[PDB]
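A.B. asks:
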RNA sequence: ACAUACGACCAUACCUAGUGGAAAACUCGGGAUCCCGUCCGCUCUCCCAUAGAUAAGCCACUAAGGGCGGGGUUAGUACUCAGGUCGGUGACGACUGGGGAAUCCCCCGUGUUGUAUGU
RNA sequence: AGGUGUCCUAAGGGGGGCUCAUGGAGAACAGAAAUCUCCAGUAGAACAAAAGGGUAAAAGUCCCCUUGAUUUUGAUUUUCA
RNA sequence: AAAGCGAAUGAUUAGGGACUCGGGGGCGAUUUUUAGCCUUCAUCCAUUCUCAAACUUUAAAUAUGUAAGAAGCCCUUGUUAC
Ligand SMILES: [Mg+2]
Ligand SMILES: [Mg+2]
Ligand SMILES: [Mg+2]
Ligand SMILES: [Mg+2]
Ligand SMILES: [Mg+2]
Ligand SMILES: [Mg+2]
Ligand SMILES: [Mg+2]
Ligand SMILES: [Mg+2]
Ligand SMILES: [Mg+2]
Ligand SMILES: [Mg+2]
Ligand SMILES: [Mg+2]
Ligand SMILES: [Mg+2]
Ligand SMILES: [Mg+2]
Ligand SMILES: [Mg+2]
Ligand SMILES: [Mg+2]
Ligand SMILES: [Mg+2]
Ligand SMILES: [Mg+2]
Ligand SMILES: [Mg+2]
Ligand SMILES: [Mg+2]
Ligand SMILES: [Mg+2]
Ligand SMILES: [Mg+2]
Ligand SMILES: [Mg+2]
Ligand SMILES: [Mg+2]
Ligand SMILES: [Mg+2]
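Chains as they are written, first to last, in the UniProt record's numbering: chain A, 7 to 173; chain B, 536 to 613; chain C, 3 to 302; chain D, 3 to 160.
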């Protein structure tokens, strides 16, 4: 039986951690806009460590989130670089997965020497239909034990959809 | 007033340099939580300011000597 | 390896919250200010107008607080709106105005002030409040009530103020301001007074049908399946609701009957007892353990 | 040595175990009239209109009613004489008292019980009396034969 | 009896795991012109009640479940108020007239109820 | 065993959304420790300062508007004649 | 006061089980990215021996506030700017 227990992509969120504030970070945020078509959001350093040379309340990273068919398309481009091979340890106990790429121009953005080269991180969230129960404001509750995703289920979905392999 | 104020200025500087050793070494910072760490450095920020200002007297400088010491000594002891 | 946070000692020290807060249905911080009254006025009740929105209904009640529970003065739903000629869009904003008007007329007749306090009697997009009505060579102050919105967000143009607007036109006095009504522009701090009138009679959904039909025929057919079957058009929407207002004032106690199966009050009790489950007795529960022991022992 | 307004109230004003949080809401729905008997019990959560630590546990009579507070009259014992005190307390701290309910119950019962006898014509003996010594009775030993006891010898437990 | 809206006492109602749910109701669900709000129609806000489904929320039942609630035991024990030209080098203890607790351990139980509408 | 002769146009007043400390499992450079995502989490965080009490759709946190930190005089509580 | 710590905070004695990649020292070629074979601390879980004027889920004895009506209880209906 499986009427309303079909997996889908809830959202895909991807970030770049430049690690230091200044004009370099602004260029990184400039890069990320055309990839998704949405304005990105900055992040602030919550620690203050001298080894990394960062203090409190200084911007050190950017990120953005996408949903729906747009997330489906962008995820496909990332797996192409990874040639559809992921390691078994890339899937968490909850049922999510992610990866990273060293070069952001490996897929085409029509490289420009002014912006530079950045490395980007990928992460996406699985879900099942009718998960609003845990996020509506009124009469919020907790989803059942049988209705939550496990590690084995999500890797089976990945192999069947993209014909990829796991190491 | 010239001598009394000048004496307290040195003692306040000595303790600020003194506490930097505790927060810098890895051995003591290993078992001390962040919530105590950021509160000490927050108190150290305004300490730096009043040395630059000239209106500070013996009373104001002496008060924050024990205030800084009282804050740090509670974290290490427990 | 770390401490198991949820050990037997964690449960013992745990203190649970109020039962109706665990379910997330009430806000006791706001509730206290709604129901309490000055001790100068000893037993004068405070009247609340509660509005709740379900998937396919609108609920309105008149409630007074008591030490052992609440007391309901008069109630009006959206099911009862079918008897006055409305069968579609039962939860649009305009349907809230109708059920808000039904309750206001329903409560005034209960305590014998229907003949006076007629209200506007012709809806218009104007900001007005009920005032004292002269009678018997004197002035009588109007009935007063306040609005309880529950957990709904009070943004501009929300339906919660539609029931508030509808009851205000009925004759009840409810203090409020106009900055949350639709058509209010925050930039110019002015109210259009015409968007509100159009938007009362279902004008906003009427403009949706004609716009959708031209751009997307198949989508327009799917969304408005039941509108097409009863061949109700955009032009007839305003006249449909305006006629409904007339019948509310003429007779607010008209009874509506649904198509669900119906039985007597006692027969329903007998029917439900068939599907009830009986708790296991102490002797039976003890006996299962021996059976569980015997087969588990024999398994290995 | 210091004497503050709340000194020594570490355990008096604290809420109990597993009783922190939301105040039960039936408190604000009660009503009071002048001449009622109320008793004071300070709630730690509410910090406004809180009486001094002396009155935590005393009983008084309402003499004034306002928007959210009542005035209570209580008698304080300074050395060698009593003094009348008038305090203002928020209703979260006061509570109706069952001190007088036994009297009010008995007067209603007495009036009705005396009425029926006067019609009937028999003395009632209505007013109460303390416990009296027991009366003579008989105890049978049929199927209840007594059992003999005796002291026990010394013995070491540990 | 069952369901929904507003409540009262505020775990006998909470937490973990497993099975079942007539009728209606509640829920998940579909859409993004208008009011309104976001990095993202996720949340909030508008429109539809057709279609799909009891998978989850919700209700009920099961477990020599953890916890909580009531009781028995521990015990007339520990402690304590009054009394003697009472014992004892002291530490401290027994007796006379009264009041009288708390763990470990053992047994049972797993929400009750008010107003309005409807199955 | 410790504390006070100060500090604040908000760290004062009203309203609204959100939930903290910490731990488990994951993601290019990235590590004990930087940023992102999900699950658990009765306060173990935070609230100018000594210590105690109090607080979870808040009294904490961020956002929006403001000056009840204003005017005229009386009654009452604590130290106490 | 007593009581409690296989109940929170603080102090404290001892074995057992589970774990290796937490630190330390070995072994089969110290081969070792061998989750091999050894093990010493540390950690986690079910038990164990003693404590608290500035600790607590519980909780006495002795003392302590109020009440025990004629200025009371009940029925009927005048005044007012609240
Ligand atoms: Mg509110
Ligand atoms: Mg206004
Ligand atoms: Mg004192
Ligand atoms: Mg207390
Ligand atoms: Mg104040
Ligand atoms: Mg059914
Ligand atoms: Mg099921
Ligand atoms: Mg017991
Ligand atoms: Mg007992
Ligand atoms: Mg004695
Ligand atoms: Mg059970
Ligand atoms: Mg001293
Ligand atoms: Mg402010
Ligand atoms: Mg505020
Ligand atoms: Mg708030
Ligand atoms: Mg505290
Ligand atoms: Mg004195
Ligand atoms: Mg003791
Ligand atoms: Mg005890
Ligand atoms: Mg302990
Ligand atoms: Mg311990
Ligand atoms: Mg050991
Ligand atoms: Mg003590
Ligand atoms: Mg007594």
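C-beta atoms are modelled at their ideal positions from N, C-alpha and C, and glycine is treated no differently.
Taking 8 Å as the CB-CB limit, is residue 50 of chain C close to chain D?
C.D. replies: To locate residue 50 of chain C, count along the third chain from 1; it is residue 48. So, not an interface residue.
A.B. asks: Mind checking the stretch 564-581 of chain B against chain A and listing, in chain order, the residues whose C-beta falls within less than 8 Å of any C-beta there?
C.D. replies: Here the close residues are 569, 573 and 576.
A.B. asks: Under 8 Å, Cβ to Cβ, is there at least one residue of chain C near residue 116 of chain A?
C.D. replies: Counted from its first residue, the first chain places residue 116 of chain A at position 110. No, its Cβ sits nowhere closer than 8 Å to a Cβ of chain C.
A.B. asks: Output needed for residue 97 of chain D: all residues of its chain with C-beta closer than 7 Å, excluding positions within five of it in sequence on either side, in chain order.
C.D. replies: Counting from 1 along the fourth chain, the entry for residue 97 of chain D is found at position 95. Answer for residue 97 of chain D: 40, 41 and 43, listed in chain order.
A.B. asks: Under the DSSP definition of a beta bridge, which residues are partnered with residue 55 of chain A?
C.D. replies: Along the first chain, read from residue 1 onward, the residue named residue 55 of chain A stands at position 49. DSSP output for residue 55 of chain A lists A/60 as bridge partner(s).
A.B. asks: Smallest Cα separation from residue 130 of chain D: which of D/111, D/49 and D/136?
C.D. replies: Walking along the fourth chain from the start, residue 130 of chain D turns up at place 128. The shortest C-alpha separation from residue 130 of chain D is found at D/111.
A.B. asks: Return the residues of the stretch 34-47 of chain C that lie within a Cβ-Cβ distance of less than 8 Å from chain D, sorted by chain order.
C.D. replies: From the stretch 34-47 of chain C, only 34, 37, 38, 40, 41, 42, 44 and 45 have a Cβ closer than 8 Å to chain D.
A.B. asks: So, is the C-beta of residue 153 of chain C closer than 8 Å to a C-beta in chain A?
C.D. replies: Walking along the third chain from the start, residue 153 of chain C turns up at place 151. By this cut-off, residue 153 of chain C is an interface position.
A.B. asks: For residue 165 of chain A, which option in A/85, A/66 and A/139 has the closest C-alpha, if you only look at C-alpha atoms?
C.D. replies: To locate residue 165 of chain A, count along the first chain from 1; it is residue 159. When each option's Cα is compared against that of residue 165 of chain A, the closest is A/85.
A.B. asks: Is residue 30 of chain A closer than 8 Å to residue 94 of chain A when the C-beta atoms are compared?
C.D. replies: Indexing the first chain from 1 puts residue 94 of chain A at position 88. Indexing the first chain from 1 puts residue 30 of chain A at position 24. Not a contact, by the Cβ cut-off of 8 Å.
A.B. asks: Just to confirm the assignment, what range does the alpha helix (DSSP H) spanning residue 274 of chain C have?
C.D. replies: Within the third chain, residue 274 of chain C is the residue found at index 272, counting from 1. Segment 267-276, the alpha helix (DSSP H) holding residue 274 of chain C.
A.B. asks: Identify whether residue 3 of chain D lies in helix, strand or coil by the three-state DSSP scheme.
C.D. replies: Counting from one through the fourth chain, the residue named residue 3 of chain D turns up at place 1. Of the three classes helix, strand and coil, the one that applies to residue 3 of chain D here is coil, per DSSP.
A.B. asks: With residue 541 of chain B as the anchor, note down where its alpha helix (DSSP H) starts and where it stops.
C.D. replies: Here residue 541 of chain B refers to the residue found at position 6 of the second chain. It spans 537-559 - the alpha helix (DSSP H) in which residue 541 of chain B sits, taken as one unbroken run.
A.B. asks: With H, G and I counted as helix, E and B as strand and the rest as coil, what does DSSP make of residue 79 of chain D?
C.D. replies: One-based indexing of the fourth chain puts residue 79 of chain D at position 77. Here residue 79 of chain D sits in strand by DSSP.
A.B. asks: Which residues bound the beta strand (DSSP E) around residue 605 of chain B?
C.D. replies: Indexing the second chain from 1 puts residue 605 of chain B at position 70. From DSSP, residue 605 of chain B is part of no beta strand (DSSP E) but of the alpha helix (DSSP H) over 593-612.
A.B. asks: Assign residue 570 of chain B to buried or exposed, taking buried as 16 or more other Cβ atoms, counted over all protein chains shown, within 10 Å of its Cβ.
C.D. replies: The residue you call residue 570 of chain B lines up with position 35 of the second chain. When all chains shown are included, residue 570 of chain B counts as exposed.
A.B. asks: For residue 226 of chain C, which beta-bridge partners are listed by DSSP?
C.D. replies: Along the third chain, read from residue 1 onward, the residue named residue 226 of chain C stands at position 224. In the DSSP output, where bridge partners are listed per residue, residue 226 of chain C has none listed.
A.B. asks: What is the DSSP secondary structure of residue 140 of chain C, reduced to helix, strand or coil?
C.D. replies: By 1-based counting over the third chain, the position of residue 140 of chain C is 138. Looking at residue 140 of chain C - three-state DSSP - the assignment turns out to be strand.
A.B. asks: Put residue 90 of chain D into one of helix, strand or coil per three-state DSSP.
C.D. replies: Against the fourth chain, residue 90 of chain D aligns to sequence position 88. Strand at residue 90 of chain D.
A.B. asks: For a contact meaning CB atoms closer than 9 Å, what does residue 3 of chain C contact in chain D?
C.D. replies: Translated into positions along the third chain, residue 3 of chain C becomes position 1. Neighbours of residue 3 of chain C on chain D: none; closest Cβ ~31 Å, over 9 Å.
A.B. asks: Report buried or exposed for residue 95 of chain C, applying the criterion of at least 16 other Cβ atoms within 10 angstroms of its Cβ.
C.D. replies: Taking the third chain and counting its residues from 1, the one referred to as residue 95 of chain C is at position 93. By the neighbour-count rule (16 or more Cβ atoms within 10 Å), residue 95 of chain C is buried.
A.B. asks: From C/28, C/17 and C/24, pick the residue whose C-alpha is nearest to that of residue 23 of chain D; which is it?
C.D. replies: Taking the fourth chain and counting its residues from 1, one reaches residue 23 of chain D at position 21. If we check each option's Cα against that of residue 23 of chain D, C/17 comes out closest.
A.B. asks: Where do the N-terminal and C-terminal ends of the beta strand (DSSP E) with residue 14 of chain A fall, by residue?
C.D. replies: Taking the first residue of the first chain as position 1, residue 14 of chain A is located at position 8. Unbroken beta strand (DSSP E) run through residue 14 of chain A: 14-22.
A.B. asks: Less than 8 Å between CB atoms is the rule here; does residue 46 of chain D satisfy it with respect to chain C?
C.D. replies: Against the fourth chain, residue 46 of chain D aligns to sequence position 44. No, no contact with chain C.
A.B. asks: So residue 27 of chain C contacts chain A; which residues on that side make the cut at Cβ distance below 7 Å?
C.D. replies: The residue you call residue 27 of chain C lines up with position 25 of the third chain. Going along chain A in sequence order, the residues near residue 27 of chain C (Cβ under 7 Å) are 145.
A.B. asks: Mapping the DSSP letters down to three states, classify residue 52 of chain C as helix, strand or coil.
C.D. replies: In the third chain, counting from the first residue as 1, residue 52 of chain C sits at position 50. Looking at residue 52 of chain C - three-state DSSP - the assignment turns out to be strand.
A.B. asks: Can at least three beta-carbon pairs, one atom from the stretch 53-64 of chain C and one from the stretch 76-87 of chain C, be found at a separation below 8 Å?
C.D. replies: Touching, yes, given that three or more Cβ pairs across the two stretches are closer than 8 Å.
A.B. asks: Could you check what DSSP says for residue 164 of chain A in three-state terms: helix, strand or coil?
C.D. replies: On the first chain, position 158 is the one that residue 164 of chain A refers to. In this structure, residue 164 of chain A counts as helix in the three-state DSSP scheme.
A.B. asks: Please list, in chain order, the residues of the stretch 48-80 of chain A that have any C-beta partner in chain B closer than 7 Å.
C.D. replies: Correct list: 54.
A.B. asks: Does the stretch 97-110 of chain A touch the stretch 149-163 of chain A, meaning 3 or more C-beta pairs lie closer than 8 Å?
C.D. replies: Segments in contact, yes.
A.B. asks: For residue 268 of chain C, count the other beta carbons within 10 Å of its own beta carbon; 16 or more makes it buried, fewer makes it exposed. Which is it?
C.D. replies: Reading the third chain from its first residue, position 266 is the one you call residue 268 of chain C. Residue 268 of chain C comes out exposed.
A.B. asks: Excluding the five sequence neighbours on either side, which residues of its own chain have a C-beta within less than 6 Å of the C-beta of residue 290 of chain C, listed in chain order?
C.D. replies: On the third chain, residue 290 of chain C is found 288 positions in, with the first residue counted as 1. Closer than 6 Å at the Cβ level, and outside the excluded window around residue 290 of chain C, lies no residue.
A.B. asks: With distances taken from CA atoms, which of C/173, C/171, C/175 and C/192 is nearest residue 181 of chain C?
C.D. replies: Within the third chain, the letter at position 179 stands for residue 181 of chain C. Per the Cα distances, C/192.
A.B. asks: So, helix, strand or coil for residue 75 of chain C, using DSSP?
C.D. replies: Counting from one through the third chain, the residue named residue 75 of chain C turns up at place 73. In the structure shown, residue 75 of chain C sits in a strand (DSSP, three-state: E or B).
A.B. asks: Run through the DSSP bridge pairs and tell me what residue 128 of chain A is partnered with.
C.D. replies: As a position in the first chain, residue 128 of chain A is number 122, starting the count at 1. Paired residue(s): A/20 and A/105.
A.B. asks: Taking 8 Å as the CB-CB limit, is residue 99 of chain D close to chain C?
C.D. replies: As a first step, residue 99 of chain D is located in the fourth chain; it is residue number 97 there, counting from the start. For residue 99 of chain D, the answer is no, since every Cβ of chain C falls outside 8 Å of its Cβ.
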